[PDB]
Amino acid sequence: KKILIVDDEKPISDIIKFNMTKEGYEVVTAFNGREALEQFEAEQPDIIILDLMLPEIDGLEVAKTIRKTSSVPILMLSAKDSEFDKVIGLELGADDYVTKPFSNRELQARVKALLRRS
């Protein structure tokens, strides 16, 4: 299956890409909200891992605009861990929301769970 990893930090993108590859997923990457929508349209990923941050609001907007056309599963990843943050991510269309720093094994388990149910 194909995963699009949207992350504006190259070090974190690289860790998730490495771990997802090791599980047998094909990985496409995007580093801002524009590349995220472009890759979403062109690559039709089976799931999207979306960090909230490039700048504060762009992840939420990416998820919002994807949801206009597609039910593709979205797992939001973010250092922001407040109730507001989690609640708003989910209400705007994320299927899950995981905080950083995260466990690589838990992330894999959550991606699997999302793909099973979709």
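Note that residue numbering follows the sequence shown and begins at 1. For clarity, a rigid core is taken as the largest C-alpha set superposing within 1.5 Å between two forms.
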item: Stretch with larger C-alpha RMS deviation in 8 other deposited structures of this protein, core superposed, 44-52 versus 65-73; value: 44-52
item: 32-40 versus 62-70 - greater average Cα B-factor per the deposited record; value: 62-70
item: Stretch exceeding the other in mean C-alpha B-factor - 86-94, 49-57; value: 49-57
item: CA B-factor placement of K10, once the chain's modelled residues are sorted into thirds; value: highest
